[PDB]
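A.B. asks: Dropping a structure here in structure tokens format, bear with me for questions.
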Amino acid sequence: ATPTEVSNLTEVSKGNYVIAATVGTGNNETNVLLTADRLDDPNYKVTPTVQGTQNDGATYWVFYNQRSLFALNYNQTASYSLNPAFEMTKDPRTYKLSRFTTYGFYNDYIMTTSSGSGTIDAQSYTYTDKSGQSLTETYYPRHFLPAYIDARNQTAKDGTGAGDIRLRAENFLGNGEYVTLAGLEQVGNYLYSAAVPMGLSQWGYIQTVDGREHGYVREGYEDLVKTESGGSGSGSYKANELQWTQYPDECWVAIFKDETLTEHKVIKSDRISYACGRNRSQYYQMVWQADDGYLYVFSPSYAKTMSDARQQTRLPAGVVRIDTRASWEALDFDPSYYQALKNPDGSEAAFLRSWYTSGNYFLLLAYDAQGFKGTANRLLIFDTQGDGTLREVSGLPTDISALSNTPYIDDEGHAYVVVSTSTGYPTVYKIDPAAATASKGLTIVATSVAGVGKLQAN
């Protein structure tokens, strides 16, 4: 497009809709917050030179109800409110958040969790390295490390998971491997999550099981153990550690009684793989409670990209479900529900994120024809009562180069997604998932938009 194209559009007025945009790419990157009273009218526009509040950016933009807008980062977590002038203001209280692998809501708490090193039950282990030098190292069990942001009282706690043995991720499924929690779906008082198996840790590898040293290593799985600390970034491994899971043909859902993550249960389904989206280091949620009282559990079968065949799964990408309206003793997968998530052309569907609108429709973000090797930039619609074949949205552009990290579901089911084409500015599109249609709306005169939501002034 051109910066003079929006000369015929009307400058929108300040309202209750909040947009987190970025003007500039790189060192000119300036994060601004804009307010508008409408998002579906394509005749309107919003300009950062007329309005907007400069902010320090965010790794994740979260909406605490229609009251606050939190900025989560791996550090400097901030929060913003809406003043009577319909402008974004910065709350005076900041929060320190350790690096987390997933996040979610629970009552008025923004919870951020990850599976890290514990403090109790340390074990010293001596071995021979790849150079021949005898080395002795102390290993700690893997524990869940929950952190909570009380958005109503505006406080932050780091929790006590490394000292509590009840929050030990090691041997969470009964096979010795430790798991990572993906998603934090609150259902009444329970927390449903996907226990993505991470494999054997250093502490779990040195575990003797019924006399068998390293008993948690399956037969013929000794050659997969990494002998030294290699890799880089989020993809790194230490010695005496078995990277990735040994059981890819399973799907484990963990149900916690409350936010303390103390008492819990686990349920297994052998129809799909683990339920998470992995881009680099964050586990995107795949478990979602729907209106029909069913928690749907999606799986793109990410384990098919593994090098060795023992860590590859033969289960295609699919979705199962769990009936959340039952007793704690009767919580299990629905044996009569299974879908084969497929692209409109019939092939298997590889996706990265998946949100829930309303009714019986989910919005998934799938890759192109390159699979997990390509770019995830296809917004498809899944029907819970369908045949697993994903439906494509009519009205979205083809040159999609950037999308909003989190869509806004209105009070009736429509999904507001900010699509950024390579030949124009980021524009809000209102998607009807029932008819699988998209309508052009507000045009943001910025480089890209991270999040869009609705807040009420205070």
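Identifiers in the structure tokens: chain A, B, ... in order shown; residue index from 1 per chain; ligand index from 1 in order shown.
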Quick one: everything within 7 Å of stretch 34-37 of chain A, counting only C-alpha atoms, minus sequence neighbours fewer than 5 positions away in the same chain. Send it as a PyMOL selection string.
C.D. replies: chain A and resi 12-20+51-53+86-87
A.B. asks: What would the file look like if the residues just selected were written as an mmCIF file, in the first residue's frame with N, CA, C and O atoms?
C.D. replies:
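Saved as part-v9.cif:
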```cif
data_model
loop_
_atom_site.group_PDB
_atom_site.id
_atom_site.type_symbol
_atom_site.label_atom_id
_atom_site.label_comp_id
_atom_site.auth_asym_id
_atom_site.auth_seq_id
_atom_site.Cartn_x
_atom_site.Cartn_y
_atom_site.Cartn_z
ATOM 1 N N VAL A 12 -10.494 7.294 13.981
ATOM 2 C CA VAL A 12 -11.400 6.772 14.998
ATOM 3 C C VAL A 12 -11.229 7.546 16.303
ATOM 4 O O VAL A 12 -10.180 8.141 16.584
ATOM 5 N N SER A 13 -12.287 7.547 17.107
ATOM 6 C CA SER A 13 -12.275 8.220 18.396
ATOM 7 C C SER A 13 -11.866 7.252 19.502
ATOM 8 O O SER A 13 -11.946 6.029 19.357
ATOM 9 N N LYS A 14 -11.422 7.821 20.621
ATOM 10 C CA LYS A 14 -11.002 7.018 21.761
ATOM 11 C C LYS A 14 -12.190 6.258 22.338
ATOM 12 O O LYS A 14 -13.261 6.833 22.560
ATOM 13 N N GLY A 15 -12.001 4.964 22.580
ATOM 14 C CA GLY A 15 -13.069 4.136 23.104
ATOM 15 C C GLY A 15 -12.607 3.116 24.124
ATOM 16 O O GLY A 15 -11.654 3.360 24.871
ATOM 17 N N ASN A 16 -13.276 1.966 24.161
ATOM 18 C CA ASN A 16 -12.990 0.920 25.133
ATOM 19 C C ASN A 16 -12.152 -0.217 24.564
ATOM 20 O O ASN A 16 -11.816 -1.148 25.303
ATOM 21 N N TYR A 17 -11.809 -0.170 23.280
ATOM 22 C CA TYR A 17 -10.998 -1.201 22.648
ATOM 23 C C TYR A 17 -9.536 -0.774 22.655
ATOM 24 O O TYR A 17 -9.207 0.337 22.230
ATOM 25 N N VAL A 18 -8.668 -1.663 23.130
ATOM 26 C CA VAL A 18 -7.245 -1.393 23.294
ATOM 27 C C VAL A 18 -6.466 -2.193 22.260
ATOM 28 O O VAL A 18 -6.757 -3.372 22.019
ATOM 29 N N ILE A 19 -5.471 -1.547 21.654
ATOM 30 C CA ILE A 19 -4.627 -2.144 20.626
ATOM 31 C C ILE A 19 -3.173 -1.878 20.988
ATOM 32 O O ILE A 19 -2.786 -0.725 21.204
ATOM 33 N N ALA A 20 -2.368 -2.937 21.052
ATOM 34 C CA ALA A 20 -0.946 -2.823 21.370
ATOM 35 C C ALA A 20 -0.162 -2.940 20.069
ATOM 36 O O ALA A 20 0.067 -4.043 19.566
ATOM 37 N N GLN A 51 -2.970 9.840 18.696
ATOM 38 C CA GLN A 51 -3.169 9.324 20.042
ATOM 39 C C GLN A 51 -2.142 8.232 20.309
ATOM 40 O O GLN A 51 -1.328 7.889 19.446
ATOM 41 N N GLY A 52 -2.188 7.676 21.516
ATOM 42 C CA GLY A 52 -1.312 6.576 21.867
ATOM 43 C C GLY A 52 -0.457 6.835 23.089
ATOM 44 O O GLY A 52 -0.098 7.980 23.377
ATOM 45 N N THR A 53 -0.127 5.771 23.817
ATOM 46 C CA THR A 53 0.731 5.847 24.991
ATOM 47 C C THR A 53 1.945 4.959 24.772
ATOM 48 O O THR A 53 1.800 3.777 24.444
ATOM 49 N N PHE A 86 -10.250 7.730 28.215
ATOM 50 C CA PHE A 86 -10.106 6.636 27.252
ATOM 51 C C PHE A 86 -8.686 6.576 26.690
ATOM 52 O O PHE A 86 -8.471 6.435 25.485
ATOM 53 N N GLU A 87 -7.708 6.686 27.586
ATOM 54 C CA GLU A 87 -6.299 6.599 27.234
ATOM 55 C C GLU A 87 -5.614 5.594 28.148
ATOM 56 O O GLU A 87 -5.999 5.422 29.308
#
```
A.B. asks: Which residues of stretch 142-255 of chain A have any atom within 10 Å of an atom in stretch 270-275 of chain A when counting only C-alpha atoms, and what is the closest pair of atoms for each, with the distance in Å to one decimal? Order the rows by chain and rising number and write it as a tab-separated table.
C.D. replies:
```
residue	atom	partner	partner_atom	distance
A:181	CA	A:275	CA	9.7
A:182	CA	A:275	CA	7.3
A:183	CA	A:275	CA	9.1
A:193	CA	A:275	CA	8.9
A:194	CA	A:275	CA	5.7
A:195	CA	A:274	CA	7.5
A:196	CA	A:274	CA	5.5
A:197	CA	A:274	CA	7.5
A:245	CA	A:274	CA	10.0
A:247	CA	A:273	CA	9.0
A:248	CA	A:273	CA	6.0
A:249	CA	A:273	CA	5.4
A:250	CA	A:270	CA	4.7
A:251	CA	A:274	CA	4.6
A:252	CA	A:274	CA	6.7
A:253	CA	A:275	CA	8.5
```
A.B. asks: Using only C-alpha atoms, which residue out of A:29, A:185, A:150, A:412 lies closest to residue A:70?
C.D. replies: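 Smallest distance to residue A:70 is found for A:150.
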A.B. asks: Please provide the set of residues having any atom within 12 Å of residue A:57, restricted to only C-alpha atoms, with same-chain residues fewer than 5 positions apart removed, written as a PyMOL selection string.
C.D. replies: chain A and resi 20-23+29-33+70-74+76-80+449-451
A.B. asks: Export, as an mmCIF file, in the first residue's frame, the selected residues with N, CA, C and O atoms.
C.D. replies:
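Writing done, so here's out-v2.cif:
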```cif
data_model
loop_
_atom_site.group_PDB
_atom_site.id
_atom_site.type_symbol
_atom_site.label_atom_id
_atom_site.label_comp_id
_atom_site.auth_asym_id
_atom_site.auth_seq_id
_atom_site.Cartn_x
_atom_site.Cartn_y
_atom_site.Cartn_z
ATOM 1 N N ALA A 20 -2.368 -2.937 21.052
ATOM 2 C CA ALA A 20 -0.946 -2.823 21.370
ATOM 3 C C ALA A 20 -0.162 -2.940 20.069
ATOM 4 O O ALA A 20 0.067 -4.043 19.566
ATOM 5 N N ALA A 21 0.254 -1.800 19.524
ATOM 6 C CA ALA A 21 0.939 -1.752 18.242
ATOM 7 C C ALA A 21 2.403 -1.378 18.434
ATOM 8 O O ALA A 21 2.825 -0.931 19.503
ATOM 9 N N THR A 22 3.181 -1.574 17.372
ATOM 10 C CA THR A 22 4.596 -1.223 17.347
ATOM 11 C C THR A 22 4.863 -0.401 16.096
ATOM 12 O O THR A 22 4.555 -0.844 14.985
ATOM 13 N N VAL A 23 5.425 0.791 16.275
ATOM 14 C CA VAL A 23 5.794 1.678 15.178
ATOM 15 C C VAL A 23 7.312 1.643 15.063
ATOM 16 O O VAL A 23 8.022 2.114 15.960
ATOM 17 N N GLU A 29 11.959 0.734 16.981
ATOM 18 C CA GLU A 29 10.822 0.034 17.564
ATOM 19 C C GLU A 29 10.251 0.815 18.739
ATOM 20 O O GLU A 29 10.881 0.906 19.797
ATOM 21 N N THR A 30 9.065 1.390 18.562
ATOM 22 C CA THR A 30 8.377 2.124 19.616
ATOM 23 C C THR A 30 7.027 1.466 19.856
ATOM 24 O O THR A 30 6.169 1.458 18.967
ATOM 25 N N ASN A 31 6.845 0.908 21.047
ATOM 26 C CA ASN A 31 5.609 0.224 21.400
ATOM 27 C C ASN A 31 4.593 1.245 21.896
ATOM 28 O O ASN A 31 4.865 1.987 22.847
ATOM 29 N N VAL A 32 3.429 1.281 21.254
ATOM 30 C CA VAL A 32 2.374 2.224 21.594
ATOM 31 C C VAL A 32 1.093 1.459 21.894
ATOM 32 O O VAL A 32 0.879 0.336 21.423
ATOM 33 N N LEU A 33 0.246 2.082 22.707
ATOM 34 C CA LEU A 33 -1.076 1.571 23.043
ATOM 35 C C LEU A 33 -2.118 2.572 22.568
ATOM 36 O O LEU A 33 -2.034 3.762 22.893
ATOM 37 N N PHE A 70 -1.944 -6.541 31.167
ATOM 38 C CA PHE A 70 -0.639 -6.903 31.697
ATOM 39 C C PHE A 70 0.359 -7.176 30.579
ATOM 40 O O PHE A 70 0.014 -7.693 29.511
ATOM 41 N N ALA A 71 1.613 -6.826 30.850
ATOM 42 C CA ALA A 71 2.738 -7.009 29.940
ATOM 43 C C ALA A 71 3.718 -7.957 30.624
ATOM 44 O O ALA A 71 4.449 -7.550 31.535
ATOM 45 N N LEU A 72 3.717 -9.218 30.193
ATOM 46 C CA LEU A 72 4.573 -10.246 30.768
ATOM 47 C C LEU A 72 5.891 -10.308 30.008
ATOM 48 O O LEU A 72 5.903 -10.303 28.771
ATOM 49 N N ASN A 73 6.992 -10.380 30.756
ATOM 50 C CA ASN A 73 8.332 -10.436 30.193
ATOM 51 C C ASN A 73 9.185 -11.393 31.015
ATOM 52 O O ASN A 73 8.851 -11.736 32.152
ATOM 53 N N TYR A 74 10.302 -11.817 30.422
ATOM 54 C CA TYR A 74 11.239 -12.729 31.080
ATOM 55 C C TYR A 74 12.310 -11.903 31.785
ATOM 56 O O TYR A 74 13.404 -11.663 31.270
ATOM 57 N N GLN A 76 10.158 -7.495 35.093
ATOM 58 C CA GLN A 76 9.749 -6.224 34.507
ATOM 59 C C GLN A 76 8.329 -6.310 33.956
ATOM 60 O O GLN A 76 7.976 -5.608 33.009
ATOM 61 N N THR A 77 7.522 -7.181 34.556
ATOM 62 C CA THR A 77 6.125 -7.307 34.164
ATOM 63 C C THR A 77 5.356 -6.057 34.574
ATOM 64 O O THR A 77 5.427 -5.622 35.727
ATOM 65 N N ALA A 78 4.621 -5.477 33.629
ATOM 66 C CA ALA A 78 3.919 -4.223 33.858
ATOM 67 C C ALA A 78 2.414 -4.431 33.753
ATOM 68 O O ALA A 78 1.935 -5.495 33.359
ATOM 69 N N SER A 79 1.664 -3.388 34.103
ATOM 70 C CA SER A 79 0.214 -3.417 33.984
ATOM 71 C C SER A 79 -0.283 -2.025 33.625
ATOM 72 O O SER A 79 0.288 -1.017 34.050
ATOM 73 N N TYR A 80 -1.353 -1.982 32.834
ATOM 74 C CA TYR A 80 -1.908 -0.738 32.326
ATOM 75 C C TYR A 80 -3.418 -0.725 32.520
ATOM 76 O O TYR A 80 -4.077 -1.769 32.491
ATOM 77 N N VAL A 449 0.813 -5.203 14.980
ATOM 78 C CA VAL A 449 -0.019 -5.180 16.177
ATOM 79 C C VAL A 449 0.119 -6.522 16.882
ATOM 80 O O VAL A 449 -0.093 -7.575 16.268
ATOM 81 N N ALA A 450 0.468 -6.478 18.169
ATOM 82 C CA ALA A 450 0.655 -7.679 18.974
ATOM 83 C C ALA A 450 -0.659 -8.200 19.549
ATOM 84 O O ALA A 450 -0.969 -9.388 19.417
ATOM 85 N N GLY A 451 -1.440 -7.329 20.190
ATOM 86 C CA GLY A 451 -2.665 -7.753 20.834
ATOM 87 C C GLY A 451 -3.770 -6.729 20.666
ATOM 88 O O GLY A 451 -3.527 -5.540 20.440
#
```
A.B. asks: Would you mind writing down, as JSON, numbers by chain, each residue of stretch 52-124 of chain A that DSSP on the backbone assigns to strand (DSSP E or B)?
C.D. replies: {"A": [53, 54, 55, 60, 61, 62, 63, 64, 68, 69, 70, 71, 72, 77, 78, 79, 80, 81, 82, 88, 89, 90, 95, 102, 103, 104, 105, 106, 109, 110, 111, 112, 113, 115, 116, 117, 123, 124]}
A.B. asks: Have a look at atom CA of residue A:410 and atom CA of residue A:39 and let me know their distance in Å, one decimal.
C.D. replies: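 Spanning atom CA of residue A:410 to atom CA of residue A:39 is a straight-line distance of 10.9 Å.
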A.B. asks: Could you give me, as JSON, numbers by chain, the residues within 10 Å of stretch 233-236 of chain A, counting only C-alpha atoms and dropping anything in the same chain fewer than 3 positions from it?
C.D. replies: {"A": [229, 230, 243, 280, 281, 282]}
A.B. asks: Determine, counting only C-alpha atoms, which protein, DNA and RNA residues have an atom within 7 Å of an atom of residue A:403; residues of the same chain fewer than 5 positions away are not included. Present the result as a PyMOL selection string.
C.D. replies: chain A and resi 418-420
A.B. asks: Please, could you write that set of residues out with N, CA and C atoms as an mmCIF file, in the first residue's frame?
C.D. replies:
```cif
data_model
loop_
_atom_site.group_PDB
_atom_site.id
_atom_site.type_symbol
_atom_site.label_atom_id
_atom_site.label_comp_id
_atom_site.auth_asym_id
_atom_site.auth_seq_id
_atom_site.Cartn_x
_atom_site.Cartn_y
_atom_site.Cartn_z
ATOM 1 N N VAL A 418 -5.904 -9.263 14.108
ATOM 2 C CA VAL A 418 -5.211 -8.219 13.361
ATOM 3 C C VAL A 418 -4.270 -8.893 12.369
ATOM 4 N N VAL A 419 -4.610 -8.818 11.085
ATOM 5 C CA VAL A 419 -3.816 -9.417 10.019
ATOM 6 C C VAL A 419 -2.944 -8.334 9.401
ATOM 7 N N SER A 420 -1.662 -8.637 9.222
ATOM 8 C CA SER A 420 -0.696 -7.695 8.668
ATOM 9 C C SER A 420 -0.205 -8.236 7.332
#
```
A.B. asks: Fewer than 5 positions away in the same chain doesn't count, so skip those; otherwise give me all residues within 12 Å of residue A:1, counting only C-alpha atoms, as a VMD selection string.
C.D. replies: chain A and resid 6 420 to 426 445
